Each structure stands twice: as structure tokens, then as C-alpha cells.
Amino acid sequence: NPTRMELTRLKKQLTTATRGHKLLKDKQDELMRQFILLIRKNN
Amino acid sequence: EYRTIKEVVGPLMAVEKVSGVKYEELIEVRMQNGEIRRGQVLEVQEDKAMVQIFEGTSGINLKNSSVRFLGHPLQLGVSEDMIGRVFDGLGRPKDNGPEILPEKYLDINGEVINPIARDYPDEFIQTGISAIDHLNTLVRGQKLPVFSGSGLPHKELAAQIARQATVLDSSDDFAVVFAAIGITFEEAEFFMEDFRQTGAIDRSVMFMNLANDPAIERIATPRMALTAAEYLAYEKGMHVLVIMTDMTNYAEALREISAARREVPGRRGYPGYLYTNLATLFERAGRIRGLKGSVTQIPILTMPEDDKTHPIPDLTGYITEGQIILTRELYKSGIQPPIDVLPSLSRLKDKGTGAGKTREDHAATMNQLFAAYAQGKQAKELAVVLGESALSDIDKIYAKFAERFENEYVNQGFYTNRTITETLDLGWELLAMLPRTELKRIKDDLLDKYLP
């Protein structure tokens with residue numbers, strides 16, 4: 001398991017996962033704002 | 001002559017009753033059947049000396065064999081007649097050509113250049129490869145290595161660069177010294193045949209060392225090649241491009257000798273003095289104040305398990321002024337050459353570019369192409385994570401830019417020779433995909449002159 005090839009690969013997965021986390025968090029926020037406009041109209 | 005072989009352990013032998021014997025001195029073994037083998041002193045004490053025989057020790061009877069010490073180490077017989085010739089690791093003719101009468105014999109270790117005697121790299125070298133000439137420019141006197149890996153095409157790239165490299169104007173062209181270290185015959189034959197079929201051999205001196213050649217011959221090879229280069233450059237006033245592959249093979253040869261002397265390894269199994277060793281080779285390069293000729297180096301190495309923190313590429317980068325990186329991702333996508341411009345670097349690039357050297361739009365377009373490429377890769381990733389819904393119209397362009405950049409700009413082919421003008425023009429055609437608003441790193445002065 002703990003080889004240098006695994007290390008470099010897991011370090012790459014972390015960078016990707018970190019970026020994906022930021023993109024998804026932004027998406028949720030963007031959906032939330034649009035929802036706010038719609039939900040007030042719904043009310 | 002000595003009939004005093006005491007021990008034989010593999011290709012190594014211990015010889016007693018030695019006197020006046022020097023480290024790295026050449027020896028000659030006369031076997032009991034009259035057969036002659038040569039070797040080199042790897043270690044020497046008062047009573048004895050340790051030697052390694054190039055041809056091995058099979059069939060040797062200790063008692064009835066003899067040893068003679070030649071009184072000199074490996075030396076290169078230099079001459080301008082080396083041009084157009086192919087030699088092995090020890091400088092011996094490989095092409096069955098006419099005899100060479102040396103001007104003189106030189107030691108192959110060279111001398112260390114006074115740091116204040118060096119002149120700064122000035123002249124642009126056109127490799128004919130866009131990803132280098134434009135984004136990671138090679139300048140005359142630089143050391144700019146290629147970091148590759150097993151199964152990556154550094155073989156084709158090495159041949160291409162040696163084939164296409166030239167300086168604009170000048171009239172006098174590049175003499176190319178090509179050193180092959182510990183490579184397979186099949187690869188050595190590719191190089192030799194490519195050089196002959198294109199006429200590049202008429203400009204070149206080749207030192208070819210093979211994988212099944214002795215470790216001491218592999219160690220000698222880079223030193224033979226660089227001794228030839230400094231002679232042509234600093235004594236004959238020639239501009240010399242030195243291409244050496246594979247430096248990793250050189251490093252493995254050092255470990256073999258180091259283990260024979262029972263030396264405890266340093267980091268990751270390599271000798272502690274690996275840095276000194278690599279630095280002594282790679283710093284045999286550059287312009288020298290008051291001298292017409294110069295040495296430019298392109299060392300080539302494979303990174304074990306594609307690991308850039310490995311001692312070989314790690315220490316090399318500390319010594320050389322940048323590195324060109326080949327990647328598996330690009331090669332699997334069919335990009336030729338598979339150069340990844342993002343981690344690639346030339347540290348002297350600003351010295352060989354601009355008006356008078358290349359063209360005035362060189363630096364600006366390089367920064368712009370780099371920015372848009374990284375931005376386009378981010379855009380592609382965004383589309384996979386959040387969908388095509390999240391992409392703006394500008395985002396979809398950057399994604400398309402990065403695609404065309406890899407496929408038309410970087411992917412030029414191993415036999416395509418692009419002039420710097422053609423390279424710069426192609427850069428502008430790709431930047432033309434983007435709105436003028438996005439071209440921020442380019443002043444409107446040059447944007448109005450070149451943007452199609």
C-alpha cells in the first residue's frame with residue numbers, strides 16, 4: 001500500500017476532491033439564491 | 001609487468017605488489033592463454049589495488065595471468081576530424097572509418113570554469129518545436145534538460161532536436177555532440193541511422209554506450225563527450241549542442257561502482273556525492289568571456305516511477321536552468337511531443353526572446369497562451385463536475401482553446417520543423433478564439449498589430 005506511486009496518486013485525488021468541493025459548494029449557494037426568489041413567489 | 005593477482009571476485013580483481021599506481025589508472029591483463037583484457041583501478045592501497053575488467057573475468061587463472069599498469073587513465077584523442085564520426089563510450093571508432101591521428105590526448109574530467117569567467121546566454125536557439133521555442137525557450141549556453149519516463153518518447157524528441165536545432169543567421173552552424181549512455185542497441189541504431197539518413201551526422205560527433213557495456217564505460221561516456229565538446233567549443237571556437245541520454249543510466253552505473261567499494265548510500269540509495277558528480281558534468285557548459293565558441297547542454301533522463309522528487313531529476317533541476325517535462329497523459333492522448341508546458345520551465349527564456357532575437361510579441365503571447373491553457377483546463381473540469389449548465393459562453397471557449405492548444409499547437413509531430421514565426425503566428429490564431437476583452441496580458445499596441 002504505502003508506495004511513492006500511491007502517494008503521488010492520492011495527492012492528485014486530494015487536489016481534485018478539494019476543487020470539486022469548492023465547485024459544488026458554489027453550486028449549492030447559487031441554487032439557494034434562485035430558490036429564495038422562487039420560494040417567496042410561492043409563498 | 002606483474003604476476004601478482006591475489007583475488008578475483010566477479011569482474012573485480014585484487015593485485016598486489018603495486019607501486020606508483022593511481023586511482024582510475026588503466027590496466028592490462030594478459031591471461032594464461034595469451035588473451036588480453038583491459039581494466040581500470042577503482043581503489044588503491046599501499047599493498048594492493050582493486051580493478052574492474054571491462055570484458056569480465058571468466059576463464060582467468062590467477063596464478064598464470066599477468067597485469068600491467070599503463071601509467072595513465074582513460075583519455076580522449078581530440079581532433080577536428082571527430083566530426084562525422086561515431087565512437088563508443090571509450091572513444092573508439094564504431095563506424096569502421098579511416099584512422100584518426102589525434103592533435104593531443106586530454107584527460108576527460110575537465111577543469112572547473114571560474115564563475116566570473118562565464119558569459120551570460122544571449123542567442124536564441126530554434127529547436128523547431130513550438131512548446132519549447134515559444135513557451136520554454138532554449139538559449140545558447142543554457143543547460144535545459146528533458147525529464148521523461150519509461151515508455152515516453154524522449155528518443156524521438158532527442159533525435160528531432162538534434163536534427164532541427166539552429167541559430168537564426170550566423171552562417172556557422174551547430175556542431176552536435178551526442179552521447180548515448182547505457183541504452184539498448186535498438187535505440188542506439190535508431191539514433192545512428194536517423195543521423196545518417198538526414199545528413200545530421202556531418203555536423204555531429206557521437207559517443208555510443210550500450211546497456212550491456214561495462215558500468216565503468218557508462219561512467220566514462222558523458223566525460224568523453226563533454227571533453228570533445230569543450231575542445232570543439234573553447235579551443236576551435238565552435239557552437240556546440242550537447243545532447244545526452246539517459247542520465248538515469250549514468251546514475252545507476254555510479255551505484256554499482258559505489259557498492260563495489262562498499263560505500264553506504266545517501267538519499268534513496270544513491271551515493272552521497274551524487275550532487276557533486278552531476279554538477280561537475282552539467283556545469284561543463286555555457287559561454288566564456290572572450291571566447292567565440294560555446295557549449296549548450298540538453299541532458300535527458302527518465303524519472304523512476306515518474307517521480308520528480310526522485311534524487312536524479314530533483315538534483316538535476318537544482319543544477320540546470322529549468323526542465324522540459326514529458327507526460328503519460330499527453331502521450332496516451334496522442335500528443336507528439338507530449339510536452340506538459342505547465343510544469344515545464346526555462347529560467348533563461350527572457351534572455352533569448354523579443355525584438356532582434358525572435359519577435360516583439362513573444363513574451364506577451366507566451367504569458368497569454370499559458371494563462372488561457374490553464375483556464376481552459378479548469379473549464380473542462382468544471383463541465384465534468386457541475387455539468388454543461390454551469391458553463392458560460394466564455395467558459396466553453398476556453399475549454400475549446402485548451403483542446404486546440406494540445407491538439408494543434410503542442411501536438412506538431414516528431415518530424416515537423418516549425419520556424420519561430422510560424423509558431424508565434426499559430427499562437428495568435430489560437431488566441432483569436434478569445435474575445436479581445438480576455439486578452440489581458442497583451443497590450444493593445446501589439447494586439448492591434450498581430451490579432452487576426
# chains A, B, ... in the order shown; residues from 1 in each chain; ligands from 1
call {"tool": "interface_residues", "arguments": {"of": "chain A", "to": "chain B", "cutoff": "9 Å", "atoms": "only C-alpha atoms", "output": "ChimeraX atom specification"}}
result
/A:4-5,8,20,23-24,27
call {"tool": "closest_residue", "arguments": {"among": "B:226, B:29, B:180, B:206", "to": "residue B:280", "atoms": "only C-alpha atoms"}}
result
B:226
call {"tool": "closest_residue", "arguments": {"among": "B:269, B:149, B:121, B:299", "to": "residue B:181", "atoms": "only C-alpha atoms"}}
result
B:299
call {"tool": "residues_around", "arguments": {"residues": "stretch 391-404 of chain B", "least_positions_apart": "3", "cutoff": "9 Å", "atoms": "only C-alpha atoms", "output": "VMD selection string"}}
result
chain B and resid 372 to 383 386 to 388 407 to 410 430 to 431 433 to 435 438
call {"tool": "residues_around", "arguments": {"residues": "residue B:123", "least_positions_apart": "6", "cutoff": "6 Å", "atoms": "only C-alpha atoms", "output": "list in words"}}
result
residues 139, 140 and 352 of chain B
call {"tool": "atom_distance", "arguments": {"atom1": "atom CA of residue B:231", "atom2": "atom CA of residue B:286"}}
result
13.2 Å
call {"tool": "atom_distance", "arguments": {"atom1": "atom CA of residue B:349", "atom2": "atom CA of residue B:124"}}
result
8.7 Å
call {"tool": "atom_distance", "arguments": {"atom1": "atom CA of residue B:321", "atom2": "atom CA of residue B:170"}}
result
24.4 Å
